[PDB]
Amino acid sequence: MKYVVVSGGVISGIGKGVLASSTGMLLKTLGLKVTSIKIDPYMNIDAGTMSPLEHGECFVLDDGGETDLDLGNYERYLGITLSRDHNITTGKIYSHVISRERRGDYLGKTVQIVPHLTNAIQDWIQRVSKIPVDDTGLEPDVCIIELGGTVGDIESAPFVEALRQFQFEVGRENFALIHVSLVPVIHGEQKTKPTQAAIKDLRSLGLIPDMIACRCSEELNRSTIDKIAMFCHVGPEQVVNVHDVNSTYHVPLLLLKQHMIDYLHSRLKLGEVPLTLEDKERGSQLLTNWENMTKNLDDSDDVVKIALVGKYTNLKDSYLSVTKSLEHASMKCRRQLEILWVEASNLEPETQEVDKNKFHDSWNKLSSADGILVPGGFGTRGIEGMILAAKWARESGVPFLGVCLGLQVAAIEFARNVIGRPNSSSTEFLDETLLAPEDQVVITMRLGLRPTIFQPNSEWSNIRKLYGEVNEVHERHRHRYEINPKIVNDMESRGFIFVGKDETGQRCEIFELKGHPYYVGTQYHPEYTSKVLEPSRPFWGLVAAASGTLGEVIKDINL
Amino acid sequence: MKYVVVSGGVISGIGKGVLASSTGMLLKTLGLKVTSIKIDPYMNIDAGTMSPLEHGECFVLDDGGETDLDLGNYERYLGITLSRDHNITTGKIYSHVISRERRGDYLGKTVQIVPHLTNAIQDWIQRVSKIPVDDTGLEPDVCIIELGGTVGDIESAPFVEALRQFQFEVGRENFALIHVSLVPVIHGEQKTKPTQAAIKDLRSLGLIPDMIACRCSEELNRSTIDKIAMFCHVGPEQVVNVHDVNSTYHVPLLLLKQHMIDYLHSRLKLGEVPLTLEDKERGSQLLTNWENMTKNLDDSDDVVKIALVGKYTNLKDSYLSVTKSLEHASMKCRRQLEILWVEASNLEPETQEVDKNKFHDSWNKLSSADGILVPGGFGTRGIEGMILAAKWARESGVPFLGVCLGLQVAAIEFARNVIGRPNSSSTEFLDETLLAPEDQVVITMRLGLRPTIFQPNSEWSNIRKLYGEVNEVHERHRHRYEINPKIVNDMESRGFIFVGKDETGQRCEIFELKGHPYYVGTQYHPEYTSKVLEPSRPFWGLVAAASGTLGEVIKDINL
Amino acid sequence: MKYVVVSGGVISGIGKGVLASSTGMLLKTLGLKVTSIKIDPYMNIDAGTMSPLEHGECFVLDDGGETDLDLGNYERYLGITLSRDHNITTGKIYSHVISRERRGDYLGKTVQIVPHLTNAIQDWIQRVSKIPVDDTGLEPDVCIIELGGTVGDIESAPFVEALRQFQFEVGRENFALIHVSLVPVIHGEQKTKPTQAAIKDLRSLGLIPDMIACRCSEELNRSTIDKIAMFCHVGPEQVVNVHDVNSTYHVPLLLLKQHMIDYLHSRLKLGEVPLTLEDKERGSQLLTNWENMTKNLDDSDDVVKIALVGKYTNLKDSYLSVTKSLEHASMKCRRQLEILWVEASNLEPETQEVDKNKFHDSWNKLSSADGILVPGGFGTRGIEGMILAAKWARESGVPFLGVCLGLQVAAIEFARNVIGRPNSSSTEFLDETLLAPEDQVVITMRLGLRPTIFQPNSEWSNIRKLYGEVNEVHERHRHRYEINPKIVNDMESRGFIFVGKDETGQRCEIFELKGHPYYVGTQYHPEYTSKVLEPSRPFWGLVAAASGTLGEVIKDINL
Ligand SMILES: Nc1ncnc2c1ncn2[C@@H]1O[C@H](COP(=O)(O)OP(=O)(O)OP(=O)(O)O)[C@@H](O)[C@H]1O
Ligand SMILES: Nc1ncnc2c1ncn2[C@@H]1O[C@H](COP(=O)(O)OP(=O)(O)OP(=O)(O)O)[C@@H](O)[C@H]1O
Ligand SMILES: Nc1ncnc2c1ncn2[C@@H]1O[C@H](COP(=O)(O)OP(=O)(O)OP(=O)(O)O)[C@@H](O)[C@H]1O
Ligand SMILES: O=c1ccn([C@H]2O[C@@H](COP(=O)(O)OP(=O)(O)OP(=O)(O)O)[C@@H](O)[C@H]2O)c(=O)[nH]1
Ligand SMILES: O=c1ccn([C@H]2O[C@@H](COP(=O)(O)OP(=O)(O)OP(=O)(O)O)[C@@H](O)[C@H]2O)c(=O)[nH]1
Ligand SMILES: O=c1ccn([C@H]2O[C@@H](COP(=O)(O)OP(=O)(O)OP(=O)(O)O)[C@@H](O)[C@H]2O)c(=O)[nH]1
Ligand SMILES: [Mg+2]
Ligand SMILES: [Mg+2]
Ligand SMILES: [Mg+2]
Ligand SMILES: [Mg+2]
Ligand SMILES: [Mg+2]
Ligand SMILES: [Mg+2]
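Protein chains in written order, with the deposited numbering: chain A, 1 to 443, 456 to 571; chain F, 1 to 443, 456 to 571; chain E, 1 to 443, 456 to 571.
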């Protein structure tokens, strides 16, 4: 087992998550089996309790774990499945040793942060890195650890102490440290004192960096490389840079151009790892596929515009799996994507009195779009604006996908306007008044990977053809509210077909509307099962439908 | 409310606990109401799970809290009652904020060590210092906080960060810092660089010391004072020393000789605290009583020897409340005390084969003693040796006190040798063989302050006369095993009278033997209710009985 | 005497020098007498030995001290005269205590960085701040100390230790700390962890900041202020920002808008300083003059273009007094300035073979300009290019000023082309060949403030009219080479009049050419005597001449 810590810097926004995911995928090009662990200094047990306004969305695993967003970067670059154990936190590990001290496994000893908590962290990392995470039976060859927060924040102290010990409690040449660090530019001169201070803060904790990975708005000067490589122990080829490029898929090839594998191939002795003839082929094949999708982003120009309608769209981190799911679906179509970020509340007619500027801009953006997405996220702000987007998309025949809350919004819209029930509404917020036209109801969560069964007549639907006309689908759920199953037959008779349901019925999971080119919704989040070469099927439907060629996509999928 | 932090140094053994207790009692000489809080960086919720081989005994509060030993130093110097809340720990406060984050009181925010855990520590200190701790109704004027561990140990980090904030979240002139620090002597020269480094480690965390309290084997030189007072912000009178004197009761008067009150009277503005005419009298009266008991230790010479028989007596911290209870009882008698530390196992005849030196020395020490104590502490090592000490004390008519296990050992001894049941024994360790002559049985703990009722005939006993012939007694329990109540009438008929029991009966709490000058035992720990001017009654009995004058002590108590 | 330390941050490029100069001038608006001290962690005794390619130009004082560039910012904002003592360095103070230890003033004691070097720094600051620096007789009321380098660089250690002591060796309310710090913006979010780390690094040395002065590309958010004011001891009004505005003259009014005086007026108790009725008037008058010159930069639009021709013009810090002298002269004319930065070598015909792009651009820039400046700076690169600019300016009748080397270049040009001596040249670089047509000769430096006497016939010259037709001028020299006084009568007969000379003659200091609107040169640096309200006279000539209205400027000066 090899370990690669990706760590620290001078700021919390530095973009470690891209570099960790990219470093792991580059190791996967050698054919190595790879896994990864995110460490969070926060005291929350999970990202589930904490609101999307901080650290972006929670990400859902097959376990039903509501983990930190960074686990999604690993799953979509590395192709692996992660467990709720792969997101370590301060909350998890203090809860673990405190529950263990009350149970008494420490034999009446005094329990202390060193050695007992730092040995508990090292036991967690040793257990969790040996969980098999590919579909194959094998234990991973390499583990990427991403150390969240910044080095020398008091929040991090047990993890920087544990990782010092770990560099010896596992062999050297089985452990290596990448430090990620800020190189700000002032008056056009590339200033280095922030990264020199961060390299000292690592040495103060006994962590010694094997590569320094600069984050900068420029190519590093050869003087900027030398002034760091002379201050730190790293050689000139071990001062990595990652530029402020928009395409995060280019980062693996920007690291490969900087010869970063050729250092880790020595520094971790990756030639001593045994590999089969299948492994080297499936490794090199994966690199050629990534050269092709990045070539397609360099030379595809013909924009498809998708409008994304939701709360707090200024927090673009709040929708990162949607963004990445749309980008995978646009690459599969060989088309460039624009996302138009529509703050759903500004669509509402009250905005035309309160701030007439925001009203006209938000309705410009929505009218402009070749297809529409309503992305999910609980909370009562802007839902009539999201209902207005679903209405516009139904009436103007514009491709629509509704994910989680977006499906319920389309059901409420179709009830208010096509069934003509003018006060039909979500149970989430009006039930203090005990309303009879319930569109949502409660059914304390439904979470993680679940089976959807396609209902027997559904063979016609564009969405069931996108799932290869298979009878069942596996996707990740997260909801407490679902469509009222008393009203379902009214919608299924008026043409809004609930194409798929849970095994028990009375719990709707996919709809497609008869008489529209692509108007679809899902109760699950299709984003989380997206992979770079195999996009999320409902999103491959939406981004093909917006472009045209949805028939040719379905004809392809029938091979 | 005023706060006085006592803190840190270069080593964990430095003796903060004496200085905190002494500083608080000196503030009590002004008539101020005083309280105190111990902070422990360990992850244990309580000292109850952890074995006496580390940090000495657990101390029992009236709550039944098995707290850190340092709470006992506060109760016996300050005269206060502490709650299980007055011992803060890493385990307590991480358990508190983690349970609070799962309950969700933090409104979906990300929870972090700063500000959320440091604000939870500051809320704990603010709540707990306002608990009334004297017998009177009033809230305390001053709180002493003792910061356990050492400054810049990673274990301490949330508490040194919290206390920086606290210096502002409560006013300056309502908070002050005492730093306690090591001044080692090499070649007879008093070296200062360890304390200069500890003063820098405080400044690095933003904590600024108002007094530096040196711990040294000498009087500080005036150069040793100046070389510290020139390096640090403290004036010459704010460099305190506490010498390696044996009598810890002299420390309050050694601080008073160094004019330490006259600094805090300015630095905390203690003249602005309102005080009544009763308060100043009961304050100054308390100082004169302490001048008298310390004068008596300077001029009493006529030694009483008590042998203390138990496990691990090399760990003299394991019996600190016994030691202090014996010292209070010897001072009340105006007699000097020697304790003879007898490792109970060495009394056993197997020792005479294994190491004949340890056998003869341990039996020398036991034969030498004017009275005998068997102190408690669970675990099967040496119990036949403790039975042999109880036998010797019964047969030779030598004063005996058995506390907790020491009472059960005397019951087992009296059963084996006076009732003549040769295999009668503790249920604690032989019950894998299901023995019928059970002396102990289980009755998951009995803990904290409980009532003992004296059984109706008991008026004759020296122990009930020592409790003023009152019908009931309040003392602190800690046990899972008690005397088999089926066998009690056999002992009460053979003369081993169970003088006191729980309200329900079938649970024995005090015995006295008919036909011995003072042979007594208690199921409770009488040590924990000892106070400097009012010693523990069973121990005032033992140390009077060893000296003679037990009648005159009882005649006094009848006033 | 009051002290205001301006300090530190995360980077060496942060712009402390503007903030120190601006803070001092704002204190001068109260009428206080002000002075300032620059501390440099470098080991050079002076900036004289070190080449202009690092830390910009050396600045010349009236003493002849070749000081750090930052002393010029103080002289031109504060209006004061500085001595070579006002630039403290590591080289100066270690040379001082080492020479003092060899002389033995330390009475055979062991000499150490603390207390002896830190007390030597504190003695330097106490001596030097009491030097009178205005033209009046008074000792300064306030001293601004600028701490060069960054805090926690090992280079700085004696100065951060000395300044901790100084906060007590002078009273609190007579000392205050401004910390200047970087607030980088990433994804449009204003990240604060670099400044939180810099505030900890101050506390680690015992320096406590009274204001935090952010340097950022934006207005701080009110959340960005609160997240710093909650972490540090500073109040919300003590988190200062200085924006990336181009006009450094706006910074005093941006600090005044942030109410920064109203904090220091309390925190330094500046109302306790006695002030006369003249002082408050000359103080408030100075503020109104600064409101006017800044209003003129807001509403003047009619550009004058000056081409500056020299070595290494990419290092714009290399010519900072030229830049500021041109800006003062353009403000006095009520006209906006563009400087066109012409790398002098690119003008040379060899460039048209080597890189034809750089040739055409440099000759575009020179042809475009309303006036030309040749700025000084020793070294043989580009001098024929500077000769070509002097030729172009003479022949096309375009206003020309030559400063130091720029005068000698114009003398060489006039000799090569108007006297027709085709190989006449500088002695600086050809004298290995012992050439007879010497234009320069050596006359080991001439340095500091010196008298120029105007030669008797010179009453006609635009340059002597710009100096008010006074018979003598006081300006700062710096040169080893001067015009060959054997050839001077040839130039004075051909019309290139050496209008001014040293008292001894044979040493030429000003020329003006008969028969050109303004073609002038100086051996001294006129830049260094520029002040915001009273620009350098040769530069007020150049920037008026380029604009037209040179007659009206001279008519004004005759009042
Ligand atoms: N080298 C990079 N190139 C492009 N974008 C980057 C880069 N580094 C960081 N980012 C971007 O900055 C944001 C944060 O990056 P990332 O998640 O990898 O940082 P992080 O250190 O893991 O932050 P966090 O601790 O909050 O998870 C993301 O939007 C990411 O795409
Ligand atoms: N000034 C002193 N004079 C005499 N004995 C002292 C002194 N300081 C410490 N000691 C002794 O050293 C031991 C530890 O002292 P104390 O309990 O006060 O230290 P502490 O800092 O509180 O240690 P801990 O953190 O383990 O509780 C005790 O036996 C105590 O009596
Ligand atoms: N607030 C600011 N607004 C505009 N420019 C600034 C500001 N702060 C710094 N600069 C610019 O950055 C450069 C360096 O600034 P300054 O000389 O004041 O920094 P410094 O800390 O004194 O650097 P050094 O230590 O090298 O002297 C100069 O060009 C200056 O004009
Ligand atoms: O204003 C001043 C005065 C003095 N000094 C002095 O500090 C020294 C250290 O040099 P810097 O502090 O400029 O650091 P650096 O260039 O090595 O690092 P970067 O942050 O640019 O990567 C020398 O340059 C010396 O003149 C300053 O840096 N700035
Ligand atoms: O062996 C050596 C050589 C050099 N030095 C040098 O270090 C210096 C600092 O002096 P010290 O290190 O002796 O420190 P100090 O006496 O101030 O502090 P204490 O620890 O005794 O309280 C000077 O004494 C200088 O000679 C040593 O201290 N020891
Ligand atoms: O990637 C991760 C994982 C965990 N953490 C964790 O570290 C914590 C500290 O939060 P930050 O490190 O983001 O710091 P901050 O926002 O207070 O400071 P700025 O630098 O933005 O001014 C919490 O946010 C917790 O989730 C991260 O910061 N990043
Ligand atoms: Mg943040
Ligand atoms: Mg991340
Ligand atoms: Mg220990
Ligand atoms: Mg203690
Ligand atoms: Mg530099
Ligand atoms: Mg400067």
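Note that the Cβ used here is the ideal one computed from N, Cα and C, for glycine as well.
- Per the CB criterion, closer than 6 Å to any heavy atom of ligand 12, the qualifying residues run in chain order as E:16, E:17, E:70.
- With contacts defined by Cβ atoms closer than 8 Å, residue 42 of chain A and residue 143 of chain A do not form a contacting pair.
- Within a 10 Å sphere around the beta-carbon of residue 130 of chain A sit fewer than 16 other beta-carbons, which makes this residue exposed.
- Under the DSSP assignment, residue 463 of chain A falls in the beta strand (DSSP E) whose first and last residues are 458 to 466.
- Note that the C-beta distance between residue 532 of chain A and residue 493 of chain A is not below 8 Å.
- Straight-line measurement puts the Cα of residue 371 of chain A at about 28 Å from the Cα of residue 499 of chain A.
- Rounded to the nearest whole angstrom, the C-alpha separation of residue 314 of chain F and residue 341 of chain F is 8 Å.
- According to the DSSP secondary-structure assignment, residue 485 of chain A is paired through a beta bridge with A:464.
- Distance from residue 86 of chain A to residue 128 of chain A at the Cβ level is roughly 6 Å; contact confirmed, criterion being Cβ atoms closer than 8 Å.
- Annotated three-state conformation of residue 86 of chain F is helix, per DSSP.
- The three-state secondary structure of residue 343 of chain F, taken from DSSP, is strand.
- Sorting E:535, E:52, E:28, E:365 by C-alpha distance to the C-alpha of residue 406 of chain E places E:535 at the top.
- Annotation for residue 321 of chain F indicates a beta carbon at 7 Å or more from all heavy atoms of ligand 6.
- Using a C-beta cut-off of 8 Å, the segment 26 to 42 of chain F makes contact with the segment 274 to 291 of chain F, since at least three inter-stretch Cβ pairs fall below that distance.
- Residues of chain E with a Cβ closer than 9 Å to the Cβ of residue 12 of chain A are, in chain order, 191, 193.
- In this structure residue 47 of chain F is not in contact with residue 23 of chain F, their Cβ atoms being roughly 23 Å apart against a cut-off of 8 Å.
- Rounded to whole angstroms, the Cβ separation of residue 249 of chain A and residue 294 of chain A is 6 Å, and the two are in contact under 8 Å.
- Secondary structure note for residue 524 of chain F: its beta strand (DSSP E) is the uninterrupted segment 520 to 525.
- Spanning the alpha carbons of residue 256 of chain F and residue 178 of chain F requires a straight line of approximately 15 Å.
- Shortest gap from the CB of residue 155 of chain E to any heavy atom of ligand 4: under 7 Å.
- Among the residues facing chain F, residue 204 of chain E is included, as its CB has a counterpart in that chain under 8 Å away.
- The C-alpha of residue 307 of chain E is placed about 29 Å away from the C-alpha of residue 471 of chain E.
- Short of 8 Å from the beta carbon of residue 236 of chain F, and not among the five residues preceding or following it, lie these beta carbons of its own chain, in chain order: 225, 226, 229.
- In the three-state DSSP reduction, residue 490 of chain E falls in the strand class (E or B).
- Within a 10 Å sphere around the beta-carbon of residue 517 of chain A sit fewer than 16 other beta-carbons, which makes this residue exposed.
- Chain order gives the chain E residues near residue 186 of chain A as 11, 13, where near means a beta carbon separation below 7 Å.
- DSSP, reduced to helix, strand and coil, places residue 425 of chain A within a strand of the structure shown.
- Distances taken from the Cβ of residue 51 of chain F to the heavy atoms of ligand 9 include none shorter than 7 Å.
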